>>> print(open('data-v9.cif').read())   # mmCIF, C-alpha atoms
data_structure
loop_
_atom_site.group_PDB
_atom_site.id
_atom_site.type_symbol
_atom_site.label_atom_id
_atom_site.label_comp_id
_atom_site.auth_asym_id
_atom_site.auth_seq_id
_atom_site.Cartn_x
_atom_site.Cartn_y
_atom_site.Cartn_z
ATOM 1 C CA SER A 949 -34.038 112.966 -39.436
ATOM 2 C CA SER A 950 -34.106 112.489 -35.687
ATOM 3 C CA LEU A 951 -36.200 109.444 -36.519
ATOM 4 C CA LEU A 952 -33.357 108.171 -38.709
ATOM 5 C CA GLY A 953 -31.104 108.906 -35.769
ATOM 6 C CA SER A 954 -33.293 106.801 -33.517
ATOM 7 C CA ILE A 955 -33.456 103.922 -36.049
ATOM 8 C CA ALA A 956 -30.250 102.397 -34.759
ATOM 9 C CA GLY A 957 -30.503 102.771 -31.012
ATOM 10 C CA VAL A 958 -34.266 102.525 -30.759
ATOM 11 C CA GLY A 959 -34.142 99.468 -32.995
ATOM 12 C CA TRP A 960 -32.577 97.419 -30.213
ATOM 13 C CA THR A 961 -34.992 98.047 -28.273
ATOM 14 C CA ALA A 962 -35.218 97.121 -25.199
ATOM 15 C CA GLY A 963 -38.089 99.571 -24.465
ATOM 16 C CA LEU A 964 -39.802 102.380 -26.401
ATOM 17 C CA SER A 965 -38.332 104.802 -25.733
ATOM 18 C CA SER A 966 -35.579 105.074 -23.152
ATOM 19 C CA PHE A 967 -32.497 104.478 -25.328
ATOM 20 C CA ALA A 968 -29.771 104.621 -27.048
ATOM 21 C CA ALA A 969 -26.768 105.320 -29.287
ATOM 22 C CA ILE A 970 -25.559 102.195 -31.099
ATOM 23 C CA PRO A 971 -23.986 102.329 -34.588
ATOM 24 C CA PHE A 972 -26.233 101.506 -37.493
ATOM 25 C CA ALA A 973 -24.199 98.505 -38.654
ATOM 26 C CA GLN A 974 -24.579 96.730 -35.320
ATOM 27 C CA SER A 975 -28.243 97.686 -35.377
ATOM 28 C CA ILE A 976 -28.691 95.707 -38.572
ATOM 29 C CA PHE A 977 -26.678 92.802 -37.258
ATOM 30 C CA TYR A 978 -29.050 92.592 -34.304
ATOM 31 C CA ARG A 979 -32.126 93.370 -36.415
ATOM 32 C CA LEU A 980 -30.775 90.755 -38.827
ATOM 33 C CA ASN A 981 -29.926 88.401 -35.989
ATOM 34 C CA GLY A 982 -33.513 88.647 -34.819
ATOM 35 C CA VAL A 983 -35.992 87.428 -37.403
ATOM 36 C CA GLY A 984 -33.737 86.350 -40.147
ATOM 37 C CA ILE A 985 -32.544 84.240 -37.248
ATOM 38 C CA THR A 986 -29.042 83.606 -38.721
ATOM 39 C CA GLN A 987 -26.909 83.923 -35.612
ATOM 40 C CA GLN A 988 -23.530 85.434 -35.165
ATOM 41 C CA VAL A 989 -21.296 83.067 -37.130
ATOM 42 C CA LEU A 990 -22.971 83.958 -40.409
ATOM 43 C CA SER A 991 -22.882 87.716 -39.914
ATOM 44 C CA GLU A 992 -19.266 87.456 -38.770
ATOM 45 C CA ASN A 993 -18.307 85.179 -41.675
ATOM 46 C CA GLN A 994 -19.216 87.056 -43.595
ATOM 47 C CA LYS A 995 -20.456 90.552 -43.924
ATOM 48 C CA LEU A 996 -20.949 92.016 -47.447
ATOM 49 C CA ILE A 997 -24.204 91.711 -46.860
ATOM 50 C CA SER B 949 -66.492 96.553 -13.443
ATOM 51 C CA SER B 950 -65.827 92.873 -13.988
ATOM 52 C CA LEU B 951 -63.288 94.120 -16.508
ATOM 53 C CA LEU B 952 -61.623 96.128 -13.735
ATOM 54 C CA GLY B 953 -61.748 92.947 -11.705
ATOM 55 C CA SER B 954 -59.975 91.070 -14.466
ATOM 56 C CA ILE B 955 -57.327 93.814 -14.891
ATOM 57 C CA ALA B 956 -55.150 92.352 -12.173
ATOM 58 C CA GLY B 957 -55.354 88.627 -12.742
ATOM 59 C CA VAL B 958 -55.815 88.740 -16.492
ATOM 60 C CA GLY B 959 -52.921 91.178 -16.700
ATOM 61 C CA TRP B 960 -50.458 88.425 -15.837
ATOM 62 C CA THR B 961 -51.425 86.674 -18.284
ATOM 63 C CA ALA B 962 -50.388 83.712 -18.996
ATOM 64 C CA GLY B 963 -53.294 83.063 -21.428
ATOM 65 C CA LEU B 964 -56.483 84.933 -22.384
ATOM 66 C CA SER B 965 -58.538 83.952 -20.571
ATOM 67 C CA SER B 966 -58.135 81.116 -18.100
ATOM 68 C CA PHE B 967 -57.086 83.039 -14.970
ATOM 69 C CA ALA B 968 -56.804 84.485 -12.100
ATOM 70 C CA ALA B 969 -57.043 86.380 -8.802
ATOM 71 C CA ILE B 970 -53.851 88.302 -8.007
ATOM 72 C CA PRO B 971 -53.880 91.613 -6.081
ATOM 73 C CA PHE B 972 -53.664 94.765 -8.125
ATOM 74 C CA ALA B 973 -50.401 95.955 -6.569
ATOM 75 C CA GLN B 974 -48.547 92.812 -7.615
ATOM 76 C CA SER B 975 -50.185 93.135 -11.014
ATOM 77 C CA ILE B 976 -48.510 96.496 -11.483
ATOM 78 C CA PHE B 977 -45.205 95.224 -10.187
ATOM 79 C CA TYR B 978 -45.285 92.524 -12.853
ATOM 80 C CA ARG B 979 -46.753 94.844 -15.495
ATOM 81 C CA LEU B 980 -44.068 97.311 -14.404
ATOM 82 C CA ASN B 981 -41.440 94.591 -14.304
ATOM 83 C CA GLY B 982 -42.298 93.740 -17.886
ATOM 84 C CA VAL B 983 -41.722 96.625 -20.264
ATOM 85 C CA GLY B 984 -40.390 99.224 -17.972
ATOM 86 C CA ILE B 985 -37.931 96.393 -17.497
ATOM 87 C CA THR B 986 -36.725 97.582 -14.037
ATOM 88 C CA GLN B 987 -36.455 94.275 -12.218
ATOM 89 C CA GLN B 988 -37.267 93.407 -8.684
ATOM 90 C CA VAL B 989 -34.632 95.330 -6.731
ATOM 91 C CA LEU B 990 -36.009 98.673 -7.862
ATOM 92 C CA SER B 991 -39.647 97.892 -7.135
ATOM 93 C CA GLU B 992 -38.639 96.444 -3.768
ATOM 94 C CA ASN B 993 -36.388 99.412 -2.947
ATOM 95 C CA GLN B 994 -38.509 101.261 -3.290
ATOM 96 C CA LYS B 995 -42.190 101.439 -3.824
ATOM 97 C CA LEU B 996 -43.916 104.874 -3.668
ATOM 98 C CA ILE B 997 -44.205 104.612 -6.967
#
>>> encode(input="data-v9.cif", output="structure tokens")
Amino acid sequence: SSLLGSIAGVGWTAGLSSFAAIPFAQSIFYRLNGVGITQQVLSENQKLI
Amino acid sequence: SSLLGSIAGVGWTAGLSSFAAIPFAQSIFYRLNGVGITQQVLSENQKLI
């Protein structure tokens, strides 16, 4: 459960592990921005995803 | 022992292996600059580390 807590902030990264507290939604817009390399205009318009 | 020799220069990298001869101190300031992503102003001021 602390691992699920660290999913969002640790999934950022920028180093394992010296971080963070970022909401989970923004963690999946950066995790989604990363390798599904759709940048910000698609995740802005739209979500729902 | 040749592996300990190649720790410094090979730990640079920029390719394995076609390199190098860099002193070990600067190898740990770049290895330390990398993932403990503290950039140059901290390792300058200070060392001791």
>>> residues_around(input="data-v9.cif", residues="residue 960 (chain A)", least_positions_apart="2", cutoff="12 Å", atoms="all atoms listed in the file", output="PyMOL selection string")
chain A and resi 954-958+962-982
>>> calpha_fit_and_write(input="data-v9.cif", fixed="chain B", moving="chain A", output="short mmCIF file (atom, residue, chain, number, x, y, z; two decimals) with C-alpha atoms, keeping the file's coordinate frame")
data_model
loop_
_atom_site.label_atom_id
_atom_site.label_comp_id
_atom_site.auth_asym_id
_atom_site.auth_seq_id
_atom_site.Cartn_x
_atom_site.Cartn_y
_atom_site.Cartn_z
CA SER A 949 -66.49 96.55 -13.44
CA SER A 950 -65.83 92.87 -13.99
CA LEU A 951 -63.29 94.12 -16.51
CA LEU A 952 -61.62 96.13 -13.74
CA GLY A 953 -61.75 92.95 -11.70
CA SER A 954 -59.98 91.07 -14.47
CA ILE A 955 -57.33 93.81 -14.89
CA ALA A 956 -55.15 92.35 -12.17
CA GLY A 957 -55.35 88.63 -12.74
CA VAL A 958 -55.81 88.74 -16.49
CA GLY A 959 -52.92 91.18 -16.70
CA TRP A 960 -50.46 88.42 -15.84
CA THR A 961 -51.42 86.67 -18.28
CA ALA A 962 -50.39 83.71 -19.00
CA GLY A 963 -53.29 83.06 -21.43
CA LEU A 964 -56.48 84.93 -22.38
CA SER A 965 -58.54 83.95 -20.57
CA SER A 966 -58.14 81.12 -18.10
CA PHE A 967 -57.09 83.04 -14.97
CA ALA A 968 -56.80 84.49 -12.10
CA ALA A 969 -57.04 86.38 -8.80
CA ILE A 970 -53.85 88.30 -8.01
CA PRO A 971 -53.88 91.61 -6.08
CA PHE A 972 -53.66 94.76 -8.13
CA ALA A 973 -50.40 95.96 -6.57
CA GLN A 974 -48.55 92.81 -7.61
CA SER A 975 -50.18 93.13 -11.01
CA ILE A 976 -48.51 96.50 -11.48
CA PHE A 977 -45.21 95.22 -10.19
CA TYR A 978 -45.29 92.52 -12.85
CA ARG A 979 -46.75 94.84 -15.49
CA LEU A 980 -44.07 97.31 -14.40
CA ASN A 981 -41.44 94.59 -14.30
CA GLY A 982 -42.30 93.74 -17.89
CA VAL A 983 -41.72 96.63 -20.26
CA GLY A 984 -40.39 99.22 -17.97
CA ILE A 985 -37.93 96.39 -17.50
CA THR A 986 -36.73 97.58 -14.04
CA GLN A 987 -36.45 94.27 -12.22
CA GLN A 988 -37.27 93.41 -8.68
CA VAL A 989 -34.63 95.33 -6.73
CA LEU A 990 -36.01 98.67 -7.86
CA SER A 991 -39.65 97.89 -7.14
CA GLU A 992 -38.64 96.44 -3.77
CA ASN A 993 -36.39 99.41 -2.95
CA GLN A 994 -38.51 101.26 -3.29
CA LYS A 995 -42.19 101.44 -3.82
CA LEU A 996 -43.92 104.87 -3.67
CA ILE A 997 -44.20 104.61 -6.97
#
>>> interface_residues(input="data-v9.cif", of="chain B", to="chain A", cutoff="10 Å", atoms="only C-alpha atoms", output="NGL selection string")
:B and (982-985)
>>> write_last_selection(input="data-v9.cif", atoms="C-alpha atoms", output="tab-separated table (two decimals), in the frame of the given file")
chain	number	residue	atom	x	y	z
B	982	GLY	CA	-42.30	93.74	-17.89
B	983	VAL	CA	-41.72	96.62	-20.26
B	984	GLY	CA	-40.39	99.22	-17.97
B	985	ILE	CA	-37.93	96.39	-17.50
>>> atom_distance(input="data-v9.cif", atom1="CA of residue 988 (chain A)", atom2="CA of residue 950 (chain A)")
29.1 Å
>>> atom_distance(input="data-v9.cif", atom1="CA of residue 961 (chain A)", atom2="CA of residue 959 (chain B)")
22.4 Å
